[PDB]
Amino acid sequence: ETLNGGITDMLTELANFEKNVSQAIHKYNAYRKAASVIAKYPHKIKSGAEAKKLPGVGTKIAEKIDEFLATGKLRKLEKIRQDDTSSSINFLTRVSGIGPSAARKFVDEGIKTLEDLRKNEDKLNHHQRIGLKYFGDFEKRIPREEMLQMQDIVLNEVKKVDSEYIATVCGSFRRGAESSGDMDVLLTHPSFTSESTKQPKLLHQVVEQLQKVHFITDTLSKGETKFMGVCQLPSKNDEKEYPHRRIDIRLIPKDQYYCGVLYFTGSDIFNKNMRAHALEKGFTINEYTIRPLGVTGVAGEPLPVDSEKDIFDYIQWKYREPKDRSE
DNA sequence: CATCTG
DNA sequence: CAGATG
Ligand code: NA
Ligand code: NA
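Residue 297 in the entry's author numbering sits at position 289 of the first sequence, and the numbers go up by one each step.
Here is the structure:
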């Protein structure tokens, strides 16, 4: 956690690069396990040879560790931090809708900058056009003071559309947290379930509303259960318009809400432990259910959840307010 | 994992 | 349809 941090980060930068630039998925994987395993390792790695002892770690890495340990740097790390090409890729990728692949094409196409991009909007898809348009906003964090004002509007509108809707805002928003990265809304209705053969309107109906009033301003994507888009806090008394923010809506068959809601809530850490305990309590949990565990190794059957309460009960645990769902 | 592209 | 992005 700090005894072998430099080494671990390195491997990360390294991993990163194999993946992002080179298409070295394998190598890229290679770095990751390594960092993962040095991660656990309890002592002060005092050498490569030492490290090699580790599973996951070979000669090439071990070699790298040496140079690192030996001198506060690594030539490869050095070169990769300079190379304006590889910098391009990390950069472009900062745009929504641009990943590595795209990033690489564009570069070899000669686009490595923001302006580069605008000059050739023509070359981007709807998402990326969008992404370029909001780069700034996209990067800005979401403050709860705003977060609240937004959830206010959402809930009120889903409500009008139909009193039977059930919306919930997950994320760290839900955990407590002062700011957040994007609005994530969970969505359901009684009239939609595991078996219930669909209902698309269920989703497009609300979406409609939001936009109706100008809260939803642009579309990243819109399926029949998921919608990725752009909302915006109606600017008040003209002088201070707000940042544009990523928001997502997702339909769920009622019978599987709470686990969803549980799960999207977090923390990643929380889930695990909670999940680990579920298992101890002879249970299994995932994004959708809670099944009694058979001793044969495994076994099925989704247990019924009417709330987040139902789940805890099951695993016979302390009901956790979202705040303390941290770790 | 769902949606988009082409 | 494969392949990419989130
Ligand atoms: Na991107
Ligand atoms: Na293939």
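The beta carbon of each residue, even a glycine, is placed where N, CA and C say it ideally should be.
For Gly237, the enclosing beta strand (DSSP E) covers residues 234-239. For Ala175, the pairing in a beta bridge is given by DSSP as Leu195. Proximity to ligand 1 was defined by a C-beta distance below 7 Å to any of its heavy atoms, and the residues meeting it, in sequence along the chain, are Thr101, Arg102, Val103, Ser104, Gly105, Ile106, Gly107, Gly139. Inter-segment contact for the stretch 258-265 and the stretch 198-217 is present: three or more beta-carbon pairs are separated by less than 8 Å. Going by DSSP, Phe291 is part of the beta strand (DSSP E) stretching over 291-293. Here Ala286 really is in contact with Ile298; their C-beta atoms are around 7 Å apart, less than 8 Å. Shown here for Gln157: same chain residues with a beta carbon closer than 8 Å to its own, the five before and five after excluded, namely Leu241 in chain order. If only complete runs of 4 or more residues are kept, the stretch 59-123 shows the alpha helix (DSSP H) at 67-78, 83-90, 92-100, 108-116, in order along the chain. Under the DSSP definition of a beta bridge, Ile298 partners with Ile293. DSSP, read as helix, strand or coil, puts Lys206 in coil. Under the DSSP assignment, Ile15 falls in the alpha helix (DSSP H) whose first and last residues are 13-28. Taking C-beta atoms under 8 Å as the contact rule, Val103 and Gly144 fail to qualify, at a distance of about 11 Å. For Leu163, the closest C-alpha among the options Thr93, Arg152, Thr176, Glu154 is that of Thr176. Here the stretch 85-104 lies against the stretch 123-139, with 3 or more beta-carbon pairs under 8 Å apart.
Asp74 and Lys35 have their alpha carbons spaced roughly 19 Å apart. Between the alpha carbons of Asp124 and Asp332 lies a gap of roughly 46 Å. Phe272 and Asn279 have their C-alpha atoms spaced approximately 9 Å apart. Residue pairing from DSSP places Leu259 in a beta bridge opposite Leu195. Under the three-state reduction of DSSP output, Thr227 falls in the strand class. In the DSSP annotation of this structure, the continuous segment of the alpha helix (DSSP H) that includes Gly144 starts and ends at 143-147.
Following the DSSP letters along the chain, one finds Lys280 inside the alpha helix (DSSP H) bounded by residues 276-288. When only Cα atoms are considered, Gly189 and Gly274 end up about 15 Å apart. Assigned with DSSP and collapsed to three states, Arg40 falls in helix.
For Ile224, the closest of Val238, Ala23, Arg328, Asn28 by C-alpha to C-alpha distance is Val238.
When the beta-carbon positions are compared, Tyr266 and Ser315 come within less than 8 Å of each other.
Between the stretch 316-326 and the stretch 288-303, the count of Cβ pairs shorter than 8 Å is three or higher; the stretches touch. Short of 8 Å from the beta carbon of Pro312, and not among the five residues preceding or following it, lie these beta carbons of its own chain, in chain order: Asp263, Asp318. Counting along the chain, the unbroken alpha helix (DSSP H) around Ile161 starts and ends at 152-169. The Cβ atoms of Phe181 and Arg254 do not sit closer than 8 Å to each other. Residues of the same chain with a CB within less than 6 Å of the CB of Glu153, apart from the 5 flanking positions on each side, do not exist.
For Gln213, the closest of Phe114, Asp170, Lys244, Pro151 by C-alpha to C-alpha distance is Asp170.
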